[PDB]
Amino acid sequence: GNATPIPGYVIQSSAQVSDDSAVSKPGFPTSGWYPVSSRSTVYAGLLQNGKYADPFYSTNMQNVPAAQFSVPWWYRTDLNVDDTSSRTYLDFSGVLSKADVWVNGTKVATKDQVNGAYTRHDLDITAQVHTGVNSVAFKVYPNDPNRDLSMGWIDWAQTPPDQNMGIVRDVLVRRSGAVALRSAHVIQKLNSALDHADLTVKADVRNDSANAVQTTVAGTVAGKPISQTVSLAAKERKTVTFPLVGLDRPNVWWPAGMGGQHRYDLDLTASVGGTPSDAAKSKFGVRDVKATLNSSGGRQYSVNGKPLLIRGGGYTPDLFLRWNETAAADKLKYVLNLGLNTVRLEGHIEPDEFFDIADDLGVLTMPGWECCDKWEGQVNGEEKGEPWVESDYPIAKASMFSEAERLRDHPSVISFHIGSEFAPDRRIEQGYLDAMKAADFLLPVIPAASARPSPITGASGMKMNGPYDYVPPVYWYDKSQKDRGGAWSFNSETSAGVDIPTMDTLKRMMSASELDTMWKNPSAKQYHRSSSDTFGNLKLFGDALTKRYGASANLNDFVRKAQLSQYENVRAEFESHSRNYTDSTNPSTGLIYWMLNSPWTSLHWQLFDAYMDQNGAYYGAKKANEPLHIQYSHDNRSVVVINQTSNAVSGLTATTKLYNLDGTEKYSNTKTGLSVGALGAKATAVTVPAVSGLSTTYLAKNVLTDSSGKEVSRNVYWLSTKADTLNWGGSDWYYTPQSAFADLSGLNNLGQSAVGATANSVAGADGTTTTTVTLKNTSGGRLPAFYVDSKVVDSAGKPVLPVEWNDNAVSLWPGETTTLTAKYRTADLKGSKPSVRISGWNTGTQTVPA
């Protein structure tokens, strides 16, 4: 019952190996071969060793010769085998694109069999294993995402020079007696009251011995003993189905904030002749999920019978598939810090630990296949992926089975997208459905992330109408254009494009001259945006920033304006979809922001950056998704309250005030006694009237306070008397041009205010530090302290990351105080005492000891 991951390999080009058989022979010389950890692509392995400069900086990645990766690279290792009494197996997936497998000078599998990133292989190498030093070598073939059923990067970033070839998941060495236990899982069904579940345990046993055996498969499901005995002929594999197990008052798994994230255990041993032969331990959550089409045709998810507005982002791994468990946990915790409930994985489906973490944290996941490459190459037309041949069909189906088998028992998984872009055809779709049936994968299947139907499953209930680049905030409030990306139906992937990271991240990823060009000529191409010509520059964004904003006076000016723009836009995108969720006709049922994060250092499609720093887009998403939230509608000037929490709330007061940039209050309304239902319900406080005397750019301060008088939401909008308007007839697939632009340039001349800061830190026994910062507006006038950003830094002024704040990017009127709380690992201080850098739009920059 041993399953031990190969900890590492030495790698080299097949340019250097003239006899393939020789690599896997014990004692093969590997002088000048590169030592690499588990889960490395070739180029990540070369990075580990020296060998090229940081691809996260400037055009470093362009200087890597890519031709060396158009030939196979070997992954070789020793294994010590102390005892050959047990059988020996290689159990793996994650080979990009395909591989020959060798043990002790014998080829045990070819690239025709071991083929496809997602396919699982379970190779009995018992005939080849001997006592003492054994050796295993994979000849890994080049990866082409347009030709191979694999992973590729589409238009998200720049192409990795090796195209991610290598082994990106673990290779398990498995040991067992005559019988191998495989594919153990629990079918779980919960009643609608959620107080009783029925559990069906299934497990495969395989007799790999020469002789017929009796095996007993026994252990525990959810604390309850179970046992079955079966007969197996030599080389026979059987699926064992256990009698039904009742579970009363199950500890139901819930999404974060809706309850706990309990997972039960399955523990099974297959025994032969009164001796253990193989063993497996797994987990499962008791949880119902549905995703059905509403009366408007929108895809509507529900978990444990509770309908849910999906609020998420498109999640991506590292560009070079470099795996780190803590980094994965850190990215999923940021999801919760943002107040998001879901991540989408378009392809690049993460290793198991990612889903374990997501299960433990209560983050929902939407895995599926990606667009624009081999997966959709048969239904794609003039895409980039190649039409399918007969040998493609088995590989795709086997990939589905393997993914359905890994994913089925993770309660965070809420669906599988079998298409993206284009829905599968009948033949390909039938293969997917058959594979999921064979895996007992019982979650919702979605045919596409666009509006395209599949033949068997049918309507998607989703839309992919863009945008992917600059649109003003009011755009998101559109329900008139059925071919655009307003707040209605299920928005599977959309953003307003460019997301300039913080200055600290910028100085790490781009040269002074690269950065100079970014503010001076946004029309120029940026390597750290995208390889596609459509998204190769920042023109649409830079044009809107100047127009709306005001022209940039320097780099600092451009970055500060970018943060306001991103905050404003991302906030509006989310707030519109929260508001329209409870519409009687065409509600918004989902929004996945494009994207949560980037594979590398980027200028677009991210909430948090590659270093986990947090910018205007991060804080705007966090503002929008707060659990008890007040917001202003860009279309109709209604002030709206959203309750994301699992309980109805009452006695709320919503207070809305307008101010000119000189600090003059121009409007006040106090709406007391508000009630709002649970799980995304809303209430309207007031509709702000057109107010006479407003400065061209003015402020709207929205404050929500509960029945105890506590402030639970503060939301401040910088608004213009000049409307943003759309030229709908100029719309393309990725944006809608503007016919007129708001004038927010008055912010340029907002008088200086003052803050007002005190910080302290507590190093905890759990290895975390909490830094508390009290901020006050200490000015003697009427001016707010606007857009005040606090960052935990070290003694050298470098940000401590990852970090989680309760709130940030706050605005304080004179005399007003707020207390903010940041949490992070003590060790990420790297021995420095903590400080807090506080910068505001009109309050300057200071740092205070913490």
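Counting begins at 1, following the sequence as shown.
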Checklist line | Which of 36 to 44 and 816 to 824 has higher mean CA B factor, as the PDB entry lists it | finding: 816 to 824
Next item on the list: Select between 307 to 315 and 751 to 759 the stretch whose C-alpha atoms have the higher average B-factor in the entry.
Entry: 751 to 759
Next item on the list: Please pick out which of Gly673, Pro142, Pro627, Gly116 has the largest Cα B-factor as recorded in the entry.
Entry: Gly673
Notebook entry, point to check: If you check the C-alpha B-factor for each of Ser565, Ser492, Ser523, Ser460 in the entry, which is highest?
Noted result: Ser523
Note to self: Looking at the temperature factor on the CA atom of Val217, which third of the chain's modelled residues does it land in?
What the structure shows: middle
Next item on the list: Report the third (lowest, middle or highest) to which the CA temperature factor of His604 belongs, ranking only the modelled residues of the same chain.
Entry: lowest
Notebook entry, point to check: In terms of the chain's CA B-factor thirds, is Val71 lowest, middle or highest?
Noted result: lowest
Margin query: Quick check for you: using the entry's CA B-factors within this chain, is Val23 in the lowest, middle or highest third?
Written below: middle
Next item on the list: Would you check the entry's CA temperature factor for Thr778 and let me know if it's in the chain's lowest, middle or highest third?
Entry: highest
